[PDB]
Amino acid sequence: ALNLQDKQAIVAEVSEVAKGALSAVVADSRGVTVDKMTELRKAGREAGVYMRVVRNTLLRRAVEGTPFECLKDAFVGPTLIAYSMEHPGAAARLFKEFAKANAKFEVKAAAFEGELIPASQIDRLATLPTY
Amino acid sequence: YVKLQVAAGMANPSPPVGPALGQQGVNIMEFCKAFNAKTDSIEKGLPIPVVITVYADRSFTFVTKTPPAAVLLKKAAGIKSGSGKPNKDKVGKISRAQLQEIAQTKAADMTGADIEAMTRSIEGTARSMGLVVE
Amino acid sequence: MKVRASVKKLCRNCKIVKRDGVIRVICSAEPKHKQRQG
Amino acid sequence: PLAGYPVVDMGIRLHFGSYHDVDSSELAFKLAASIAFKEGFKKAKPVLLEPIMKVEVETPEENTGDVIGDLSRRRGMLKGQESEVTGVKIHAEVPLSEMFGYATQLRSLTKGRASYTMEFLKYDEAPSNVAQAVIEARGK
RNA sequence: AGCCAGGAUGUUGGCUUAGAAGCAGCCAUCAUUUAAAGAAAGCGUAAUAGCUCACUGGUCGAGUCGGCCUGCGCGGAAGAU
Ligand SMILES: [Mg+2]
Ligand SMILES: [Mg+2]
Ligand SMILES: [Mg+2]
Ligand SMILES: [Mg+2]
Ligand SMILES: [Mg+2]
Ligand SMILES: [Mg+2]
Ligand SMILES: [Zn+2]
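Residue numbers (the authors' numbering), protein chains in the order written: chain LJ, 2 to 132; chain LK, 8 to 141; chain Lj, 1 to 38; chain EF, 565 to 704.
Structural data, given as structure tokens:
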């Protein structure tokens, strides 16, 4: 109904799934067609990774009071974040792969253990293994 | 790069294939019998869509897809033609297990892996074709 | 062009412009739609 | 009776009549059958049949649709269009009165590198304007 | 408002048609992943192809859109010493 009341709903939904998330992986999405994003979206459903593009202002508001606050430095530019409903630290590997293979977007940041990890030092998430 | 819908066992006719990829430099005969070679397994008289993929050196590859839903929906329904106009007359009733059979047939084409969602997409398409579900 | 008393937009590309106290209709799509209030 | 064109596909049934014993000749019934025929023709729905000829034009592919557009301007219906490697072949059935001088028109649309063929196919009823056209000229 | 991109998938919805493939027409118009997606509001093709739009994310960083009433103006407005 109300676009402010839709924001009251989108903020409450993206933060409620941030309650159960384990590792947040944020990245860029501009310059890529639709069906190419669904190559990852099917890859997120099978790995239990929730992927949802929300606005930068909305994101900060939502993640306030949550361990993913330090990510306010990376919420500029087009934003494609990934949550880890199950299998913690798995989104990252998939993300990095797709990025360097065929697109122009990069991995803005990751968010494990409620701290911010810069783009080049995220091989740490890749090194961590599924258990 | 070109997309066609070719009969399961026959690539012989000139007008459907000749002009579209002749400019691309596709060797007609090659694609004809490669296409037929792999589409041998398809049921007789199933029109199947193929995406032909040509490169600067005129060489090509292709992917075969699942037949168009409307062609595949009227065969299960056993209705040779199509509904003249919906919301007035329905030519038959499509079965539910057939919708999921159709859903797993075009599993690759559908973007949703929910399978039940695939059925809804197929059912929605059928609804536009004037059929009703039991 | 159409020099007439009633000038108006005839399509979605027609634009009303005033240039010397003269209302004109200029169209970037159809040159038939060129009008002038006179 | 309408214009002078020959009547076609007509069935006649002589259910009743009258005959005088001493004044009935072959020509008297000929005049009598002709009066009745003319009277019936006007009461009935009398229409012209134009001839339609099968047309197969062969054209370069760059100016295909213009040929089709001119065919639709010559009041013709279409039954297909094959596209060979040498050039497109369009099939049609155009009335003969609208097939007059097609070669110079077909050459103008195609840089003069098209060709065509006409074969007579069937007869078909003309629309009201062309039927009204052939009646005024023939009548006067 | 401008600019950077997407503008999906079943698919060329079903009929009609030589072709009707978002875009001749009739009958619809609803599922899909969605940030968002008209079985397209336009251009275009013989049909395709192709170009935009609606709809969205970013950038930007402060007002902006559509009507109603009303004051004063503008065009309409060419004649003979
Ligand atoms: Mg059709
Ligand atoms: Mg259509
Ligand atoms: Mg069109
Ligand atoms: Mg005012
Ligand atoms: Mg005035
Ligand atoms: Mg005035
Ligand atoms: Zn205009």
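Don't be surprised by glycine CBs; every beta carbon is placed ideally from N, CA and C.
Query raised in the report: Quick check: the stretch 89 to 98 of chain LJ against the stretch 53 to 64 of chain LJ, are there 3 or more CB pairs under 8 angstroms?
Result: no
Query raised in the report: Per DSSP, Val57(LK) forms a beta bridge with which residues?
Result: Beta-bridge pairing links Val57(LK) to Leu11(LK), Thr71(LK).
**Report entry** Residues bridged to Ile26(Lj) (per DSSP)
**Finding:** Beta bridge pairing from DSSP links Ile26(Lj) with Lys15(Lj).
Query - chain LK within 9 angstroms of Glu648(EF), Cβ atoms only - result: Cβ-Cβ to chain LK under 9 angstroms: yes for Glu648(EF).
Report task. Anything in chain LK within Cβ reach of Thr39(LJ), meaning under 8 angstroms, just list it in chain order. Result -> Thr118
Requested in this report: Can you tell me which of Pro570(EF), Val631(EF), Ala597(EF) puts its alpha carbon nearest to the alpha carbon of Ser582(EF)?
Outcome: Shortest Cα-Cα distance from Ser582(EF) to any of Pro570(EF), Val631(EF), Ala597(EF) involves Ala597(EF).
Query raised in the report: Cβ of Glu87(LJ) less than 9 angstroms from any chain LK Cβ?
Result: no
Report task. Would you tell me roughly how many angstroms separate the C-alpha atoms of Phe593(EF) and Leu566(EF), rounded to the nearest one? Result -> 22 angstroms
Query raised in the report: If the cut is a Cβ gap below 8 angstroms, which residues of chain LK does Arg53(LJ) touch?
Result: Within chain LK, no residue comes near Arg53(LJ); the closest Cβ sits about 16 angstroms away, beyond 8 angstroms.
Report task. Determine, using beta-carbon pairs with one atom in the stretch 115 to 122 of chain LK and one in the stretch 24 to 31 of chain Lj, whether at least three such pairs fall under 8 angstroms. Result -> The stretch 115 to 122 of chain LK is not in contact with the stretch 24 to 31 of chain Lj.
Query raised in the report: Do the CB positions of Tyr687(EF) and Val572(EF) come within less than 9 angstroms of each other?
Result: Contact: yes.
Query raised in the report: Given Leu81(LJ), which residues of its chain have a CB within under 6 angstroms of its CB, disregarding the five upstream and five downstream residues?
Result: The residues are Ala28, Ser30, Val54.
Query raised in the report: Rounded to the nearest angstrom, how far is the Cβ of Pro56(LK) from that of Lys10(LK), given a contact under 8 angstroms?
Result: 7 angstroms
Requested in this report: Check whether the Cβ of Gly29(LK) lies closer than 9 angstroms to any Cβ atom in chain EF.
Outcome: yes
**Report entry** Contact residues within the stretch 10 to 41 of chain LK, judged by C-beta distance below 8 angstroms to chain EF
**Finding:** Of all residues in the stretch 10 to 41 of chain LK, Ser21, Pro22, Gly25, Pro26, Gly29 have a Cβ within less than 8 angstroms of some Cβ in chain EF.
Query - Partners in chain LK for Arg46(LJ), counting only beta-carbon separations shorter than 7 angstroms - result: Under the 7 angstroms cutoff, chain LK gives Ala120.
Requested in this report: Closer than 7 angstroms by C-beta to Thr126(LK): which residues in its own chain qualify, once you throw out the five before and the five after it? Chain order, please.
Outcome: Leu106, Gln107, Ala110
Report task. Tell me whether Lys9(Lj) counts as near ligand 7, meaning its Cβ is closer than 8 angstroms to at least one heavy atom of that ligand. Result -> yes
Query - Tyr666(EF) - containing alpha helix (DSSP H), residue span - result: 666 to 673
**Report entry** Residue range of the beta strand (DSSP E) that includes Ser647(EF)
**Finding:** 641 to 647
Report task. Indicate whether at least one CB of chain LK lies closer than 9 angstroms to the CB of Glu603(EF). Result -> no
Query raised in the report: Going by C-alpha distance, which of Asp96(LK), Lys95(LK), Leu79(LK) is nearest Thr132(LK)?
Result: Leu79(LK)
Query raised in the report: Per DSSP, what kind of secondary structure is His33(Lj) in: helix, strand or coil?
Result: Collapsing the DSSP output to three states places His33(Lj) in a helix.
Query - Where the alpha helix (DSSP H) containing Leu59(LJ) begins and where it ends - result: 57 to 64
Query raised in the report: Quick one: what's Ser679(EF) bridged to in DSSP?
Result: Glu622(EF)
Query raised in the report: In angstroms, rounded to a whole number, what distance separates the CA positions of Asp47(LK) and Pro20(LK)?
Result: 17 angstroms
Query - Start and end residues, alpha helix (DSSP H) containing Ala76(LK) - result: 76 to 83
Query raised in the report: Which term fits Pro691(EF), buried or exposed, when burial requires 16 or more other beta carbons within 10 angstroms of its beta carbon?
Result: exposed
**Report entry** Length-filtered (3 minimum) beta strand (DSSP E) runs lying within the stretch 19 to 92 of chain LJ
**Finding:** 25 to 28, 51 to 53, 81 to 84
Query raised in the report: Sorry if obvious, but does the Cβ on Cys14(Lj) come closer than 8 angstroms to a heavy atom of ligand 7?
Result: yes
Query raised in the report: Just how far apart, CA to CA, sit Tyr569(EF) and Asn34(LK)?
Result: Each residue's Cα considered, the two are about 57 angstroms apart.
Query raised in the report: What is the DSSP secondary structure of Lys606(EF), counted as helix, strand or coil?
Result: helix
Report task. Please confirm whether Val652(EF) and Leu635(EF) have their CB atoms less than 9 angstroms apart. Result -> Between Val652(EF) and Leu635(EF), the C-beta gap is not smaller than 9 angstroms, which leaves the two residues out of contact.
Query raised in the report: Going straight from the alpha carbon of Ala110(LJ) to that of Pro23(LK), what length do you get?
Result: Using only the alpha carbons, I get a separation of about 51 angstroms.
**Report entry** Sub-9 angstroms separation of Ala656(EF) and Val619(EF) beta-carbons
**Finding:** yes
Report task. Within its chain, find whatever has a CB closer than 7 angstroms to the CB of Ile129(LK); leave out the 5 residues flanking it on each side and keep chain order. Result -> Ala76, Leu106, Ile109, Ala110
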